[PDB]
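Novice: Once you've seen the sequence and the experimental structure below, I've got questions.
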Amino acid sequence: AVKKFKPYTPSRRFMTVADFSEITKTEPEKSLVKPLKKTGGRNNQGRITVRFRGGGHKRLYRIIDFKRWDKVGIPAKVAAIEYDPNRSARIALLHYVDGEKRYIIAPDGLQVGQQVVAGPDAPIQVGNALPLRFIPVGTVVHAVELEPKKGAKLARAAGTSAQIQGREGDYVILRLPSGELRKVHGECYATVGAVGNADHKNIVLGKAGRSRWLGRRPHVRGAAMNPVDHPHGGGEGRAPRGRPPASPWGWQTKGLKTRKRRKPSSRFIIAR
Amino acid sequence: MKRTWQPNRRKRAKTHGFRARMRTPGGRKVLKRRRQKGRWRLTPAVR
RNA sequence: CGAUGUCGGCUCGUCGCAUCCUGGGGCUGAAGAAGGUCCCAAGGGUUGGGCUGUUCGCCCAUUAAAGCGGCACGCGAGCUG
RNA sequence: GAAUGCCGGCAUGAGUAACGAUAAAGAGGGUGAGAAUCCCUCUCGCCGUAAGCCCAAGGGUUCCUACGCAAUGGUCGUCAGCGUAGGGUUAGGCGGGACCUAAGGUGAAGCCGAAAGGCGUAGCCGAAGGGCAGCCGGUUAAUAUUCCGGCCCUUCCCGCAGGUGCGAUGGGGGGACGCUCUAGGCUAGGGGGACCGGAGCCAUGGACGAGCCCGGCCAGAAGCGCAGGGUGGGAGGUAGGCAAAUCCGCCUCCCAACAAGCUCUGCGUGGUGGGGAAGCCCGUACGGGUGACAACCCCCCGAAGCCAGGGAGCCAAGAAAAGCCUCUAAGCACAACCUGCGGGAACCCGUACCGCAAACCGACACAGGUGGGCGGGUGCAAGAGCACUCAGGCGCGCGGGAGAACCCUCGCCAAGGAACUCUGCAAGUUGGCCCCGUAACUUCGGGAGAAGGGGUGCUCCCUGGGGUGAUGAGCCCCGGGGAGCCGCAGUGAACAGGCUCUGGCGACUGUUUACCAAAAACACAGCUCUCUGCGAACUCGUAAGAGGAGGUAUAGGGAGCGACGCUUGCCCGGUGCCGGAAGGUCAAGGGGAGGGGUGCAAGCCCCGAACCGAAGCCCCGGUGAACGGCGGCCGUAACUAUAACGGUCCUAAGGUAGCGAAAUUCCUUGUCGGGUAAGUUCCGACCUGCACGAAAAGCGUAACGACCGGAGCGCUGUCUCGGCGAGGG
RNA sequence: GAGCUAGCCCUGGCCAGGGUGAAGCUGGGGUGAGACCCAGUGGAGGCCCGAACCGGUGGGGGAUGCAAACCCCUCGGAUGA
RNA sequence: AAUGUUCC
RNA sequence: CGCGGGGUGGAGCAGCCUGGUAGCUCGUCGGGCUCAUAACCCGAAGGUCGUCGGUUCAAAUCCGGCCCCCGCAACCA
RNA sequence: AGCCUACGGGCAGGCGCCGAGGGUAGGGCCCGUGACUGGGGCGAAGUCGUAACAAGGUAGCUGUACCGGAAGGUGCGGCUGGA
RNA sequence: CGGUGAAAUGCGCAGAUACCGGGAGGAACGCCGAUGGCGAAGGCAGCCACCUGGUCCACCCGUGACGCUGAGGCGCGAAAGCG
Ligand SMILES: [Mg+2]
Ligand SMILES: [Mg+2]
Ligand SMILES: [Mg+2]
Ligand SMILES: [Mg+2]
Ligand SMILES: [Mg+2]
Ligand SMILES: [Mg+2]
Ligand SMILES: [Mg+2]
Ligand SMILES: [Mg+2]
Ligand SMILES: [Mg+2]
Ligand SMILES: [Mg+2]
Ligand SMILES: [Mg+2]
Ligand SMILES: [Mg+2]
Ligand SMILES: [Mg+2]
Ligand SMILES: [Mg+2]
Ligand SMILES: [Mg+2]
Ligand SMILES: [Mg+2]
Ligand SMILES: [Mg+2]
Ligand SMILES: [Mg+2]
Ligand SMILES: [Mg+2]
Ligand SMILES: [Mg+2]
Ligand SMILES: [Mg+2]
Ligand SMILES: [Mg+2]
Ligand SMILES: [Mg+2]
Ligand SMILES: [Mg+2]
Ligand SMILES: [Mg+2]
Ligand SMILES: [Mg+2]
Ligand SMILES: [Mg+2]
Ligand SMILES: [Mg+2]
Ligand SMILES: [Mg+2]
Ligand SMILES: [Mg+2]
Ligand SMILES: [Mg+2]
Ligand SMILES: [Mg+2]
Ligand SMILES: [Mg+2]
Ligand SMILES: [Mg+2]
Ligand SMILES: [Mg+2]
Ligand SMILES: [Mg+2]
Ligand SMILES: [Mg+2]
Ligand SMILES: [Mg+2]
Ligand SMILES: [Mg+2]
Ligand SMILES: [Mg+2]
Ligand SMILES: [Mg+2]
Ligand SMILES: [Mg+2]
Ligand SMILES: [Mg+2]
Ligand SMILES: [Mg+2]
Ligand SMILES: [Mg+2]
Ligand SMILES: [Mg+2]
Ligand SMILES: [Mg+2]
Ligand SMILES: [Mg+2]
Ligand SMILES: [Mg+2]
Ligand SMILES: [Mg+2]
Ligand SMILES: [Mg+2]
Ligand SMILES: [Mg+2]
Ligand SMILES: [Mg+2]
Ligand SMILES: [Mg+2]
Ligand SMILES: [Mg+2]
Ligand SMILES: [Mg+2]
Ligand SMILES: [Mg+2]
Ligand SMILES: [Mg+2]
Ligand SMILES: [Mg+2]
Ligand SMILES: [Mg+2]
Ligand SMILES: [Mg+2]
Ligand SMILES: [Mg+2]
Ligand SMILES: [Mg+2]
Ligand SMILES: [Mg+2]
Ligand SMILES: [Mg+2]
Ligand SMILES: [Mg+2]
Ligand SMILES: [Mg+2]
Ligand SMILES: [Mg+2]
Ligand SMILES: [Mg+2]
Ligand SMILES: [Mg+2]
Ligand SMILES: [Mg+2]
Ligand SMILES: [Mg+2]
Ligand SMILES: [Mg+2]
Ligand SMILES: [Mg+2]
Ligand SMILES: [Mg+2]
Ligand SMILES: [Mg+2]
Ligand SMILES: [Mg+2]
Ligand SMILES: [Mg+2]
Ligand SMILES: [Mg+2]
Ligand SMILES: [Mg+2]
Ligand SMILES: [Mg+2]
Ligand SMILES: [Mg+2]
Ligand SMILES: [Mg+2]
Ligand SMILES: [Mg+2]
Ligand SMILES: [Mg+2]
Ligand SMILES: [Mg+2]
Ligand SMILES: [Mg+2]
Ligand SMILES: [Mg+2]
Ligand SMILES: [Mg+2]
Ligand SMILES: [Mg+2]
Ligand SMILES: [Mg+2]
Ligand SMILES: [Mg+2]
Ligand SMILES: [Mg+2]
Ligand SMILES: [Mg+2]
Ligand SMILES: [Mg+2]
Ligand SMILES: [Mg+2]
Ligand SMILES: [Mg+2]
Ligand SMILES: [Mg+2]
Ligand SMILES: [Mg+2]
Ligand SMILES: [Mg+2]
Ligand SMILES: [Mg+2]
Ligand SMILES: [Mg+2]
Ligand SMILES: [Mg+2]
Ligand SMILES: [Mg+2]
Ligand SMILES: [Mg+2]
Ligand SMILES: [Mg+2]
Ligand SMILES: [Mg+2]
Ligand SMILES: [Mg+2]
Ligand SMILES: [Mg+2]
Ligand SMILES: [Mg+2]
Ligand SMILES: [Mg+2]
Ligand SMILES: [Mg+2]
Ligand SMILES: [Mg+2]
Ligand SMILES: [Mg+2]
Ligand SMILES: [Mg+2]
Ligand SMILES: [Mg+2]
Ligand SMILES: [Mg+2]
Ligand SMILES: [Mg+2]
Ligand SMILES: [Mg+2]
Ligand SMILES: [Mg+2]
Ligand SMILES: [Mg+2]
Ligand SMILES: [Mg+2]
Ligand SMILES: [Mg+2]
Ligand SMILES: [Mg+2]
Ligand SMILES: [Mg+2]
Ligand SMILES: [Mg+2]
Ligand SMILES: [Mg+2]
Ligand SMILES: [Mg+2]
Ligand SMILES: [Mg+2]
Ligand SMILES: [Mg+2]
Ligand SMILES: [Mg+2]
Ligand SMILES: [Mg+2]
Ligand SMILES: [Mg+2]
Ligand SMILES: [Mg+2]
Ligand SMILES: [Mg+2]
Ligand SMILES: [Mg+2]
Ligand SMILES: [Mg+2]
Ligand SMILES: [Mg+2]
Ligand SMILES: [Mg+2]
Ligand SMILES: [Mg+2]
Ligand SMILES: [Mg+2]
Ligand SMILES: [Mg+2]
Ligand SMILES: [Mg+2]
Ligand SMILES: [Mg+2]
Ligand SMILES: [Mg+2]
Ligand SMILES: [Mg+2]
Ligand SMILES: [Mg+2]
Ligand SMILES: [Mg+2]
Ligand SMILES: [Mg+2]
Ligand SMILES: [Mg+2]
Ligand SMILES: [Mg+2]
Ligand SMILES: [Mg+2]
Ligand SMILES: [Mg+2]
Ligand SMILES: [Mg+2]
Ligand SMILES: [Mg+2]
Ligand SMILES: [Mg+2]
Ligand SMILES: [Mg+2]
Ligand SMILES: [Mg+2]
Ligand SMILES: [Mg+2]
Ligand SMILES: [Mg+2]
Ligand SMILES: [Mg+2]
Ligand SMILES: [Mg+2]
Ligand SMILES: [Mg+2]
Ligand SMILES: [Mg+2]
Ligand SMILES: [Mg+2]
Ligand SMILES: [Mg+2]
Ligand SMILES: [Mg+2]
Ligand SMILES: [Mg+2]
Ligand SMILES: [Mg+2]
Ligand SMILES: [Mg+2]
Ligand SMILES: [Mg+2]
Ligand SMILES: [Mg+2]
Ligand SMILES: [Mg+2]
Ligand SMILES: [Mg+2]
Ligand SMILES: [Mg+2]
Ligand SMILES: [Mg+2]
Ligand SMILES: [Mg+2]
Ligand SMILES: [Mg+2]
Ligand SMILES: [Mg+2]
Ligand SMILES: [Mg+2]
Ligand SMILES: [Mg+2]
Ligand SMILES: [Mg+2]
Ligand SMILES: [Mg+2]
Ligand SMILES: [Mg+2]
Ligand SMILES: [Mg+2]
Ligand SMILES: [Mg+2]
Ligand SMILES: [Mg+2]
Ligand SMILES: [Mg+2]
Ligand SMILES: [Mg+2]
Ligand SMILES: [Mg+2]
Ligand SMILES: [Mg+2]
Ligand SMILES: [Mg+2]
């Protein structure tokens, strides 16, 4: 239901804003085990590392329960669906019956006022969380841990999902959003259902400054530089690169694999 | 136009001040040369 | 080469004649008029526009004629760029 | 005797340029040895969103007074921001610290590094941020929210008197937050007034008059009153808030639904206290006295400020900690905490002065630069614009003459109107408001202020709305209609677009070569390729560590292309990249067939072939939005001409669409056509593309452009072709 | 040595006044229900004109300057990158 | 496994 | 006028490097298949190797000199 | 401020609205023309191929899309105007 | 091994074809099936369930001429094509 704009000024015929109807009436955020101060910073102790970050609107870090084995067997009422500037996905405020208030990353189809509970018992309804070994084969799932008791680390962008393709011993086989087939340990928790806000791919930023609002500085091509600064640069006007295409640091950027070969995670990976 | 020197008592005593010298082993050599030469002002005067 | 600023334009000129016009003259396959060619002659004069950065050149409309060159391809301690 | 040698001194230029904004000066009287410059008075001019006033930074005696001019002052100087000397800066309430945290710095524990040192949770430091108790007057030559006067507050400590289980650096609440637009009621500020108070004036023709001129305020506890802002109250049950809790959170019943009630601000009024012009008289640099028993009233406009944590809308989703309230634990409940009233205690630093400038940054009394607040009135539609001007402050620290060329800065011009020229460079035309009216194209928004026009002053009459007001007068906003007057001319001065047609390039707003280039360059949303399954890929670092990211394939890194529309053809032969348990090659090492040196010998020590030996390379495949490349010769048609066609050679494959003398074209001013009297430029075509061409993207594209090219209209000193005048030199 | 300059982090402040009127609401119309169309309201925008502010387009002056980058006219942006 | 000049 | 490559039957290409003998495809001529043409089948002819010279016993072949053709280059102010 | 024969009148004269047309500017429709360019019709014996009519030697036709000197070929789906 | 009219390109001594076992994923639903049915047309085919349209028969129960067609409009509309 993505909002479009009439072309009353240029860069608004294309400018495109996501639908906010799924946000219920909860525009201010919760507190008290909710936001910490989020330190904006483009760089480490000193020099820049990730080039062309900067600017951006000020943000507060909504702290998210990625580890939902804390409260096994304890149900929850979905209080609200809130905006998160830190994420592509939306977030869901949960009032536990136990009394805590935590946020879970809001899956697709979840509505306000729905019971939701984590654990092994944990019936297969959207939002609940289980070990992977107790989830039926072929169900879409998200917020999957990688190793057990380490936190949800897989498939948590907007509209993403992982699909179970089978079991093998203590491990289960996932179809990741990348298409990679990965063996994940059975005790790793995971939250069923897709993430939603799937229309986040269909947004069109419209103009330049909305990238500056998000915190993305302008990006300077290599062939517009001088050869001190980049391999592509230099050349009397518009040279066509004269070399296999590379980074500023020399490593090539068309087809060069750089996964560490001797990695112990290699024998848990089946596909691309 | 705007020239180079835009003074600040806050900046001058923290950049060139005495306690700024002693933190670095470079700045400890700075005073050590100035004691040797005979400067009346080891550090610039901040008031 | 411990520096001689180099094209073109503008302003200012000045000089040479192997003369574009005006003046004089011989021959003419010069009837007259208008020409051709050659000799004497530089005293004066030698237009305004379109195009190009242009010198040059081609055109438009004129004119008695719309000359060629030299003076650091005259002239930037005068200008333009 | 020379080294554009070094240091020092003195010449030449030369009594030459200059004397530092064209905002402007003249006279009288003082003082003085000496006055264009110092002081006083009168007249004139300039600023007045400042060229006036209050802060913060910076500067450190420059502030005031007395004595003085050697030097500084672009002249002089009795003057001074200068020399000598003396004086002057007063705080529980202002600002900062004995309060707090942010970025960052430091850093017990811990990690790392040849040394130096580098990280690092907690803690600590760290401020125009949070928190916190003072307003109005008067005094000095110089200080005042600091002294004094009046009124009002805040901390502690010790007492009493009354209440309650008190009690933490602990739990919770709260502090607590964006942008844009706004409501209601106030205030700051301002305008008017026949009303109130006031010395004075009747000039020059007229006026003793609702005459002129000046002024009608500030602060103020409790209490009221007017606007607001905050928060439901009970009863249970409770597994969370890392021990507990009566508090917070969650669940279930009841009663409110409102601010009715508690509070807390703002604003009026309030015991009372202070101030209080114009003019005249004075003697100061400069202030005083009277006017004054001063009046201290009523309307109107009205904020960007206040009630503040108000409301609404939107996406980019908008600090922390302490103070504050509550709840309880160790301990205590003779303690302690709260309230009220007394008395007592209340430290350290800044406080002068300049502060858009002659006291800061620029070597200078430099036409530059410098953050915040106030910044009046009238008129022009509005306004911080513009012109004049209150308060206030200046005439810019060389002048007097003259009235040549020439230059700068202006003003005007006959007739022509771009003929100037690289080019209308420059200058002129147009310009505000209101109302008619407005094209192709187009992404349906635009283009559009398209273009092109009309009106604009003053007087009188009639008349429609609102606001404050009682439904009324007045005061203030918007209008409408009709008569009439004057000038050459009514945004009568000042501020205030020239327009159109057509190409190239770039989609657009933006950015850059501080200090010769603002562009067709960079960036940009968007498209594609590729990498990266998390202790990610990549970056910084020897490491620890950190960025990525407290992110997880709709995310992140790298590369190219740069909205959008229509599209992105062929070649994997070479280079790169990706896949390939075969094979060939290959190092250390294993292994030792054999051989060598020594010894009388056992022995000791060397070389050392077979064969087993990884990556890489060769080899086999794929891969062009990877690096890249994308043919030559000859003949042929029933007019000639040309070639749909054929032959042949080579390649890995032989430029497809679309475009084309173009930002690519040498020959070239190619050849036609258009514009022009005439067009090496421009526009439209042809294709013989020296040497376009599809993401170093191709062809188009509405809008946009201080880009670049061509044309037309209007208008002009650009020109024919100059002339005259003014001011500064 | 980041007191100039380039970038970023934390915290504060500033942007006079005019225009153009997107979404959304409310009402009417329309339909079987809709889409949608009219008004009125509303005030969005790397929107427009234009001061403070930020720049530096074209010209002229200045060139041992007021100034080791200035002055005058003119011009770009001015709620946003 | 292609083709058959014009009119009659 | 610099550098490199090339001229071969009627057309297009080899053969030159390493001298002794010039070959491939199309075409042309004769004959077959058809009713007739083209395609197809069987035979055959055709080349002063651009010229001029000289090295060798001997030259398309090696080396010089001219004449044409193609490609590259022709820069600095 | 003139003239008139009955003068609180008329004429001459002045002012105003409308006004043919002229000028300026911008639109709409139509006609002629225009380098060059697209396809069409016609034209006794031109060149290239074989598309169709017999299973026209790949059944044909068709809407669409792509490609190719050319008829056409191929894909997807449909028809009998074929077995 | 594929493949044809016959071959060839290709695949395979790195373990192909033919076989068995396991796993992923996509499209279409054999027999039933027909000269069948349904729908206004396009069209519709494994099975289940939900929602829903058209239609036919019997009873002759009720309304009472409410009817037929339909310029425009509106809606559906195979395949190919576009975002
Ligand atoms: Mg808290
Ligand atoms: Mg740090
Ligand atoms: Mg550091
Ligand atoms: Mg870029
Ligand atoms: Mg460059
Ligand atoms: Mg560098
Ligand atoms: Mg390099
Ligand atoms: Mg190039
Ligand atoms: Mg390059
Ligand atoms: Mg020389
Ligand atoms: Mg010399
Ligand atoms: Mg002579
Ligand atoms: Mg003569
Ligand atoms: Mg003669
Ligand atoms: Mg004669
Ligand atoms: Mg003669
Ligand atoms: Mg011209
Ligand atoms: Mg001459
Ligand atoms: Mg010469
Ligand atoms: Mg010449
Ligand atoms: Mg010369
Ligand atoms: Mg010069
Ligand atoms: Mg010159
Ligand atoms: Mg000279
Ligand atoms: Mg000279
Ligand atoms: Mg030039
Ligand atoms: Mg120039
Ligand atoms: Mg000497
Ligand atoms: Mg000597
Ligand atoms: Mg002298
Ligand atoms: Mg003299
Ligand atoms: Mg002289
Ligand atoms: Mg002189
Ligand atoms: Mg002088
Ligand atoms: Mg001066
Ligand atoms: Mg005297
Ligand atoms: Mg004035
Ligand atoms: Mg300060
Ligand atoms: Mg100070
Ligand atoms: Mg100083
Ligand atoms: Mg002093
Ligand atoms: Mg004195
Ligand atoms: Mg003196
Ligand atoms: Mg003395
Ligand atoms: Mg001076
Ligand atoms: Mg002096
Ligand atoms: Mg004196
Ligand atoms: Mg003084
Ligand atoms: Mg003094
Ligand atoms: Mg103390
Ligand atoms: Mg103390
Ligand atoms: Mg503090
Ligand atoms: Mg402290
Ligand atoms: Mg602290
Ligand atoms: Mg910290
Ligand atoms: Mg140590
Ligand atoms: Mg450290
Ligand atoms: Mg503070
Ligand atoms: Mg503060
Ligand atoms: Mg205070
Ligand atoms: Mg003072
Ligand atoms: Mg005071
Ligand atoms: Mg006091
Ligand atoms: Mg307490
Ligand atoms: Mg707390
Ligand atoms: Mg007041
Ligand atoms: Mg008032
Ligand atoms: Mg008044
Ligand atoms: Mg009175
Ligand atoms: Mg009188
Ligand atoms: Mg309650
Ligand atoms: Mg507990
Ligand atoms: Mg209420
Ligand atoms: Mg009061
Ligand atoms: Mg009160
Ligand atoms: Mg008084
Ligand atoms: Mg609010
Ligand atoms: Mg907090
Ligand atoms: Mg603390
Ligand atoms: Mg409270
Ligand atoms: Mg208590
Ligand atoms: Mg003071
Ligand atoms: Mg003071
Ligand atoms: Mg100021
Ligand atoms: Mg100074
Ligand atoms: Mg200087
Ligand atoms: Mg000084
Ligand atoms: Mg001065
Ligand atoms: Mg100054
Ligand atoms: Mg500045
Ligand atoms: Mg400023
Ligand atoms: Mg004001
Ligand atoms: Mg004003
Ligand atoms: Mg007026
Ligand atoms: Mg006004
Ligand atoms: Mg105005
Ligand atoms: Mg103001
Ligand atoms: Mg002004
Ligand atoms: Mg005054
Ligand atoms: Mg002066
Ligand atoms: Mg005049
Ligand atoms: Mg004139
Ligand atoms: Mg005239
Ligand atoms: Mg004219
Ligand atoms: Mg001209
Ligand atoms: Mg000319
Ligand atoms: Mg020209
Ligand atoms: Mg031009
Ligand atoms: Mg101009
Ligand atoms: Mg005018
Ligand atoms: Mg246009
Ligand atoms: Mg419009
Ligand atoms: Mg207009
Ligand atoms: Mg236009
Ligand atoms: Mg008048
Ligand atoms: Mg009012
Ligand atoms: Mg009212
Ligand atoms: Mg008029
Ligand atoms: Mg104007
Ligand atoms: Mg143009
Ligand atoms: Mg244009
Ligand atoms: Mg061009
Ligand atoms: Mg641009
Ligand atoms: Mg384009
Ligand atoms: Mg604009
Ligand atoms: Mg520059
Ligand atoms: Mg420079
Ligand atoms: Mg520039
Ligand atoms: Mg520009
Ligand atoms: Mg694109
Ligand atoms: Mg680092
Ligand atoms: Mg490293
Ligand atoms: Mg990390
Ligand atoms: Mg992070
Ligand atoms: Mg990416
Ligand atoms: Mg990326
Ligand atoms: Mg580009
Ligand atoms: Mg289009
Ligand atoms: Mg391509
Ligand atoms: Mg290739
Ligand atoms: Mg390859
Ligand atoms: Mg290959
Ligand atoms: Mg070995
Ligand atoms: Mg061995
Ligand atoms: Mg190997
Ligand atoms: Mg051929
Ligand atoms: Mg092709
Ligand atoms: Mg061409
Ligand atoms: Mg012509
Ligand atoms: Mg022509
Ligand atoms: Mg053209
Ligand atoms: Mg070319
Ligand atoms: Mg190109
Ligand atoms: Mg390309
Ligand atoms: Mg491009
Ligand atoms: Mg183009
Ligand atoms: Mg264009
Ligand atoms: Mg521009
Ligand atoms: Mg721009
Ligand atoms: Mg012209
Ligand atoms: Mg002139
Ligand atoms: Mg003058
Ligand atoms: Mg800085
Ligand atoms: Mg506005
Ligand atoms: Mg509306
Ligand atoms: Mg607005
Ligand atoms: Mg704007
Ligand atoms: Mg503007
Ligand atoms: Mg301001
Ligand atoms: Mg700049
Ligand atoms: Mg300038
Ligand atoms: Mg403009
Ligand atoms: Mg034929
Ligand atoms: Mg026939
Ligand atoms: Mg050959
Ligand atoms: Mg050959
Ligand atoms: Mg034959
Ligand atoms: Mg035959
Ligand atoms: Mg050179
Ligand atoms: Mg060179
Ligand atoms: Mg050159
Ligand atoms: Mg009568
Ligand atoms: Mg026509
Ligand atoms: Mg056939
Ligand atoms: Mg057929
Ligand atoms: Mg056929
Ligand atoms: Mg095909
Ligand atoms: Mg078919
Ligand atoms: Mg059959
Ligand atoms: Mg019946
Ligand atoms: Mg369809
Ligand atoms: Mg389809």
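Specialist: Structure's in. What do you need? Numbering: from 1, shown residues only, chains lettered A, B, ... in the order given. Ligands and ions are numbered 1, 2, ... in the order given.
Novice: Would you mind measuring the gap between the ends of stretch A:193-210?
Specialist: Using Cα to Cα, to the nearest Å, the end-to-end distance of stretch A:193-210 comes out at 31 Å.
Novice: mind checking how far that stretch is from the chain centre?
Specialist: Distance of stretch A:193-210 from the chain centroid (Cα atoms, centre = their mean, to the nearest Å) equals 12 Å.
Novice: Could you list the buried residues of it?
Specialist: For stretch A:193-210, a neighbour-count test (16 or more other Cβ atoms under 10 Å in any protein chain shown) marks A:193, A:194, A:195, A:196, A:197, A:200, A:203, A:205, A:206, A:210 as buried. (C-beta placed from N, C-alpha, C; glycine too.)
Novice: Just to be sure, the second one is in a strand?
Specialist: No. With DSSP: H, G, I helix; E, B strand; the rest coil as the criterion, residue A:194 is assigned coil and is not in a strand.
Novice: about what we covered before: please identify which two of the buried residues of stretch A:193-210 are farthest apart in space.
Specialist: A:193 and A:206 (31.1 Å; Cβ to Cβ).
Novice: so what's residue A:175 closest to, chain neighbours aside?
Specialist: Among residues not flanking residue A:175 along the chain, residue A:163 sits closest, at 4.3 Å (Cβ to Cβ, 6 or more residues apart in numbering or on different chains).
Novice: got it, and residue B:20?
Specialist: residue B:14 (6.0 Å).
Novice: pretty sure the one you found is in a strand, no?
Specialist: No. Residue B:14 is assigned helix when assessed by three-state DSSP, not a strand.
Novice: Just to check, it is in contact with residue B:21?
Specialist: No. At 11.2 Å, residue B:14 and residue B:21 do not qualify as touching, with contact defined as Cβ atoms under 8 Å.
Novice: tell me which element residue B:22 falls in.
Specialist: Under the criterion of DSSP states H and E, residue B:22 resides in helix B:18-23.
Novice: do residue B:35 as well
Specialist: helix B:25-37.
Novice: what comes up buried for that helix?
Specialist: Neighbour-count burial for helix B:25-37 [16+ other Cβ under 10 Å]: B:27, B:30.
Novice: so what's the residue of the stretch 1-150 of chain A found nearest ligand 9 up against?
Specialist: Per Cβ to the ion, residue A:51 is where the stretch 1-150 of chain A lies closest to ligand 9, at 20.2 Å. Under the criterion of Cβ atoms under 8 Å, 6 or more residues apart in numbering or on different chains, residue A:51 has no neighbours.
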